[PDB]
Amino acid sequence: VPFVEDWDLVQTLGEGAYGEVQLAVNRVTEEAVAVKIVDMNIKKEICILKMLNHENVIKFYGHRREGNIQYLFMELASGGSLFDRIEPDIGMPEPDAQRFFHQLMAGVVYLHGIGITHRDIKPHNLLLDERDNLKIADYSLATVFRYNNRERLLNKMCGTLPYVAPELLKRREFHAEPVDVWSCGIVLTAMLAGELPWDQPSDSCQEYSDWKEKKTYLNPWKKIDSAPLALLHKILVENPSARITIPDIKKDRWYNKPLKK
Ligand SMILES: Cc1cccc(-c2cc(N)nc3[nH]cc(C#N)c23)c1
Ligand SMILES: [Cl-]
């Protein structure tokens with residue numbers, strides 16, 4: 001029964017990095033959107049949200065400040081998240097994963113091209129519209145890494161441990177783009193295996209060591225076809241200057257393989 005101007009807030013869709021997200025339905029027009037509700041940084045997020053115009057990125061409709069509360073209106077994803085399409089221990093059919101991967105690269109290339117890094121790519125932040133088109137959501141941790149054509153290195157630790165690149169734990173400062181590439185590799189592994197490969201990409205983690213020693217006879221790798229696995233070997237490369245860039249992912253064999261379910 002709460003509402004904001006013309007919109008009713010009809011049900012909880014969940015919680016992003018900060019605040020709650022509600023399904024908002026217009027009393028008059030019946031249009032449904034999503035609204036993020038924040039209490040009591042948000043200037044930055046709004047500035048970034050207003051830049052976004054791409055089919056694989058959630059669009060921002062505008063915002064309203066009432067009291068303590070701030071309302072950020074955004075495109076609704078009626079298909080829910082990618083997380084809900086990944087069957088545990090199985091993943092999803094390779095052709096569906098490939099399609100979602102293409103769309104995730106289109107969104108990330110968009111962001112990077114406007115000098116924005118997302119910093120928390122994972123299946124919970126990758127939403128689906130009614131045609132199962134992927135949309136990258138939640139810009140609460142997003143920031144500028146290129147401005148006036150000059151790159152700025154990042155130094156703040158943020159993200160989600162299983163998805164975070166190893167440099168972010170080991171370096172005082174690091175480049176933004178290879179960190180988002182790495183997390184897209186972990187997404188791809190989740191999609192193809194229904195399991196995350198490691199708790200964190202650190203020296204104390206045995207599963208990460210196993211991967212650096214190429215023990216791909218272990219899970220999750222043994223579930224993945226050699227062709228996508230060859231791509232994962234180029235993405236999940238410890239040294240970020242040696243790691244594959246997006247332009248070269250677009251040249252990969254698996255990426256360009258015709259697939260149908
Ligand atoms: C990251 C997140 C958490 C909770 C809900 C949502 C969300 C769910 C949905 N069905 N559509 C949405 N559109 C923008 C959302 C955001 N943020 C969003 C997204
Ligand atoms: Cl998973």
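A quick note on method: Cβ atoms are made from the backbone with ideal geometry, for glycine too, and the neighbour counts reach across all protein chains shown. Read the figures in this text as sums done on the coordinates, not as results from a lab.
Some notes on this structure:
- Label-point separation, residue 242 to residue 255 (7 Å along Cα→Cβ), nm: 2.0
- Debye log10 I(q)/I(0) for segment 143-220, one point scatterer per Cα, at q = 0.12, 0.27 Å⁻¹: -0.39, -1.35
- Using bins of 5 Å that start at zero, the share of Cα-Cα pairs per bin across the chain amounts to 1, 6, 13, 17, 18, 16, 12, 9, 5, 3, 1, 0, 0, in whole %.
- Residue-wise HN-Hα coupling along segment 197-204, computed from phi with Karplus coefficients 6.51, -1.76, 1.60 (Hz; x: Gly, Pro): x, 7, 5, 5, x, 10, 5, 6
- Placed amide H near residue 61: partners under 5 Å, 5+ positions off or other chain: 73, 74, 75
- For segment 101-160, a crude dipole built from +1 on the beta carbon of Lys and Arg and -1 on the beta carbon of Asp and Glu, taken about the Cα centre, is about 340 debye to the nearest 20.
- Two-site FRET efficiency, residue 149 against residue 53, from Cβ-Cβ distance with R₀ of 22 Å, rounded to 0.05: 0.65
- Residue 218 versus residue 20: modelled label distance in nm, points set 7 Å from Cα along the beta carbon direction: 4.2
- Listed by Cβ neighbour count within 10 Å, with the fewest neighbours leading, 214, 59 appear as 214, 59.
- As a proxy for reagent exposure, ranking 160, 12 by other Cβ atoms within 10 Å from fewest up yields 12, 160.
- Over the chain, DSSP H runs of length four or greater, each weighted -39,500 (n - 2.57), average out per residue to a 222 nm ellipticity of -8500 deg cm²/dmol.
- For 40, 157, 92, 191, order by how many other beta-carbon atoms lie within 10 Å, fewest first: 40, 157, 92, 191
- Annotation: segment 87-214 has a Kirkwood hydrodynamic radius of 15.4 angstrom, from the mean reciprocal C-alpha pair distance.
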